[PDB]
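Residue numbers for the sequence shown, in the authors' numbering: 346 to 379, 461 to 787.
Using N, Cα and C, we set each Cβ at its ideal position, and we do this for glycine too.
Some notes on the structure that comes next.
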Amino acid sequence: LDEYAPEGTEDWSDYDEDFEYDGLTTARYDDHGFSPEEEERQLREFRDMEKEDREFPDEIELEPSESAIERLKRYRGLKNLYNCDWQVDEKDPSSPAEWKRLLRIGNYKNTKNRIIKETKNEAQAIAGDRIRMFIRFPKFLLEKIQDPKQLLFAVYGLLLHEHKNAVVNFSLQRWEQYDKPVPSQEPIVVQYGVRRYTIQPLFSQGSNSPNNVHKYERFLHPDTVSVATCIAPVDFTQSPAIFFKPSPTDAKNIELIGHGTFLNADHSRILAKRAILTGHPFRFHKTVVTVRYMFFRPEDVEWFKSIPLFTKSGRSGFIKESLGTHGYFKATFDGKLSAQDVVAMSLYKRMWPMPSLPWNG
């Protein structure tokens with residue numbers, strides 16, 4: 346009866362990447378480079475920020491007093507999200523310690539099927555039987571037990587290793603006739619199988635990746651089915667999963683945000699915190715474009731030399747040198763860009779799931 350098995354400590358013993366970002370002169374691109463009022467205000471702010479995210483995906487506004495290097499130091503500068511060699515077993519202070527303490531199952535489907543036929547073979551009692559169970563049980567949970575003839579008391583069995591936390595991925599479909607937003611960091615009560623757990627799930631798109639790297643969605647996509655990544659006890663039956671929030675304001679104490687099914691119990695799924703820097707190209711020549719309002723120090727431009735530029739018209743490019751001392755810099759682009767286009771910079775960060783707790787009442 347432990348969520349974190351002692352065997353999880355001896356499984357993930359080989360620390361591969363222990364990279365220190367403090368001893369870096371350039372960005373990490375060495376692979377390819379050189461009470462009701464508070465709730466109302468919070469709901470309004472979340473809706474406005476979701477609308478801003480829909481209009482502008484991941485843009486960050488930089489300040490003249492803001493230093494880009496110190497606040498953007500841990501980010502990376504990879505050119506392609508689905509081709510780069512991301513690693514899952516990196517050591518990071520932002521990672522939870524219980525990432526060390528997880529059960530790492532290799533293949534979900536084969537292990538799940540093996541456990542299902544094991545439960546076929548090792549069933550001591552056959553279905554449909556009048557059976558007496560003596561169960562170990564604490565004293566305090568006795569004093570909220572009611573009589574079974576007035577309220578249903580059902581007993582549900584658990585498979586092998588279902589009590590143990592692991593990184594799990596859920597299907598997430600937006601339930602109809604709620605236009606209300608939901609971020610990827612708020613707690614949400616999730617009922618799967620029979621068990622209810624409070625889960626703060628990371629939202630991602632279910633597009634397949636060769637390196638199993640997926641974009642972290644800040645909010646739920648209102649149109650397409652997303653994938654919710656979290657740390658939770660596993661289910662080996664692929665049970666449908668339901669998602670809600672308890673608020674006693676309604677007659678029902680349920681606001682039902684979504685529905686779905688248990689997709690996978692896989693630890694290889696990481697998420698990418700993407701940070702975008704957007705701005706207007708100042709001046710245009712035949713080959714060299716002088717770009718304005720990226721940074722405010724030329725040494726920031728030097729630190730951002732290797733990471734490529736991209737333009738929302740669909741055109742890649744690179745930097746050449748810092749023109750002025752206010753962030754003006756020369757750059758080379760694939761095509762000819764006007765003043766109505768937006769030049770932008772992409773930075774990427776590792777994102778880890780968070781642990782979950784059971785829900786009662």
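Three-state secondary structure (DSSP) of residue i
i	result
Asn-690	strand
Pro-724	helix
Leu-598	strand
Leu-369	coil
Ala-523	helix
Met-475	helix
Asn-533	coil
residue 434	No coordinates exist for residue 434; the numbering of the chain passes from 379 to 461 with nothing in between.
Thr-545	helix
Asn-539	helix
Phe-730	coil
residue 390	Residue numbering in the chain jumps from 379 to 461; residue 390, which lies between, is not modelled.
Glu-516	coil
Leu-697	strand
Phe-566	helix
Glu-362	coil
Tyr-642	strand
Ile-552	coil
Sheet register partners of residue i (DSSP bridge)
i	result
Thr-624	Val-615, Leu-783
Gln-631	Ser-652
residue 456	Gap note for the chain: numbering proceeds from 379 to 461 with nothing in between, so residue 456 has no coordinates.
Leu-703	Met-771
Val-714	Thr-758
Nearest candidate by alpha-carbon position, reference residue i, set the options
i	options	result
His-711	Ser-673, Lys-756, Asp-484	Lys-756
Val-715	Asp-767, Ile-571, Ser-665, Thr-655	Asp-767
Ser-630	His-640, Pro-636, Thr-624, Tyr-623	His-640
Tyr-623	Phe-645, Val-660, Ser-652	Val-660
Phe-688	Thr-704, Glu-725, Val-620, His-647	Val-620
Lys-505	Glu-348, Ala-372, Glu-487, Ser-673	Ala-372
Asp-692	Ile-683, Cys-656, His-752, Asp-726	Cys-656
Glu-362	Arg-776, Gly-787, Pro-351	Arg-776
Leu-498	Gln-550, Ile-733, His-589	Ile-733
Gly-583	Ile-561, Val-727, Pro-574, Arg-600	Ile-561
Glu-492	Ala-551, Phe-722, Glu-524, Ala-770	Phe-722
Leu-682	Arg-695, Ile-696, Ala-667	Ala-667
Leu-469	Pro-724, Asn-679, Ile-571, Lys-606	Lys-606
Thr-675	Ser-461, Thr-758, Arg-480, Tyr-501	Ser-461
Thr-737	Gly-554, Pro-784, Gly-761	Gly-761
Cβ-Cβ separation, residue j to residue i (assumed contact under 8 Å), whole Å
i	j	result
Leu-529	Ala-580	Wrong, their Cβ atoms sit about 27 Å apart, outside the cutoff.
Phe-708	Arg-718	4 Å
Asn-637	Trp-512	5 Å
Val-615	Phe-645	The Cβ separation is near 18 Å, so there is no contact.
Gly-753	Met-720	5 Å
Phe-662	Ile-486	Going by Cβ atoms, the distance from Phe-662 to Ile-486 rounds to 41 Å, so no, they are not a contact pair.
Proximity test, residue i beta-carbon vs the ligand COA heavy atom, cut-off 8 Å
i	result
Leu-529	Inclusion of the ligand COA in the displayed structure is not the case, the ligand content being empty and no account of it being possible.
I'd like the ranges of any alpha helix (DSSP H) spanning at least 4 consecutive residues and lying wholly in the segment 461 to 508. Counting only runs of 4 or more, we get 462 to 481, 494 to 497.
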